[PDB]
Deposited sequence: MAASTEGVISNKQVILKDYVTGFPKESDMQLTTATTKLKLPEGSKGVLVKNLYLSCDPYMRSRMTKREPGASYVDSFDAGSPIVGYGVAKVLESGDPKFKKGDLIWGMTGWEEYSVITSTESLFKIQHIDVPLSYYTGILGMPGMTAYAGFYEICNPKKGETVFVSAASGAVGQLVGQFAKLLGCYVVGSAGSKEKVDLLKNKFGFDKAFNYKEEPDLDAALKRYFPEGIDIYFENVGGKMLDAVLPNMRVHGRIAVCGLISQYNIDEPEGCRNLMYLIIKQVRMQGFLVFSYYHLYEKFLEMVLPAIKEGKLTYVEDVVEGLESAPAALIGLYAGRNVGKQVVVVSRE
């Protein structure tokens, strides 16, 4: 059987490019290696997730590991089990978890796979609102931000799958919610589709302080931080006393053209702010509680979701670079196969 793959050809130094990846056609006989405790899966959907930017660069165990040069890109996806060496997984099971950028993957361990039971929702949702990004938004907002009705909330990269959901959880709690994004289309989505109280295009603002003051004349209780860089420095002087910064991502910091260093940390003292990082990995004990909350809200239309749908593994490199460059609109999915 042909097995198309997206190979990382070269460890990345500059801003990633399409040619750092190589489309190739391997072969497979769709047989799990002897003694495998893992699964052999047909990949259906693949996520482009901002965090993947950081895995393009060669390091030792010093971030939250790098990709392997000469091997497929790996990331979260949705797949169908063909063969299993783990008796808890069966042929025909739909799963989500870390898989290869290929038509067929051996996933050597199953400990970090979820069996999808609710299929009355698009399967692609388990790469976004019902997968790692949705869980990240739930953990960061409820477990880190200590939110209260009436608090003011600012979300950077607000049109991404994390930010989309943070903002909606904040609106449902009765917070005042503003987002930043990089185009008018994304600003309009945030206001119209996701019910944010306000939003602005940071690429068009000559002074981020003045922009934040337009929307938060008495400051920000909660900053859900996905970007870092100049937005973090602009936010810090606008925090309220006992404000909180949930540090989810600092994506701008992989851009060599982004200002390096945060200069406004004195506001942590002045405004007695808690600035706290977290990893979703530490919160998957909450995943079943999270599904209990989010699945009925999706079916009822109380929560909504925007994905950027890319057709076929051949379009995956361009989609992934587009995400890195901010050229996508909402959560980037790749349709490898519909079934």
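Missing C-alpha coordinates mark the following deposited-sequence intervals, in order: 1 to 8, 73 to 74.
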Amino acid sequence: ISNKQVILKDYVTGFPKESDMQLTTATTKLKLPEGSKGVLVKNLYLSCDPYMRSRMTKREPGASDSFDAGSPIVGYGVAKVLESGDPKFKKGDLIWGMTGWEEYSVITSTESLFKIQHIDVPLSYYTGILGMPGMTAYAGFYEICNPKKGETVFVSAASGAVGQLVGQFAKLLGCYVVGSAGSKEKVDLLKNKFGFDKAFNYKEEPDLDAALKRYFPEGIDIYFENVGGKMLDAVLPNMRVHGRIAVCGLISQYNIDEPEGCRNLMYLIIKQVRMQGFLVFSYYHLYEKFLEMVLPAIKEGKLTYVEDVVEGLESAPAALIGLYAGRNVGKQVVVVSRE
From here on, numbers count along this sequence of modelled residues.
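Stretches 157 to 165 and 256 to 264 differ in mean CA B factor, with 256 to 264 having the higher one.
Look at the C-alpha B-factors of 81 to 89 and of 209 to 217. On average they run higher in 81 to 89.
Residue set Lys198, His118, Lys171, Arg240: peak C-alpha B-factor at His118 (per PDB entry). Ranking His285, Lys271, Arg274, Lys31 by the C-alpha B-factor listed in the PDB entry places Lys31 at the top. When the CA B factors of the chain's modelled residues are split into thirds, the value for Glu111 lands in the highest one. Sort the chain's modelled residues by C-alpha temperature factor and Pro72 lands in the middle third, per the entry. In the PDB entry, a CA B factor belonging to the middle third of its chain's modelled residues is recorded for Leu130. Per the PDB record, residue ranking by Cα B-factor puts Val247 in the lowest third of the chain. Ranked by C-alpha B-factor against the other modelled residues of its chain, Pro122 falls in the highest third.
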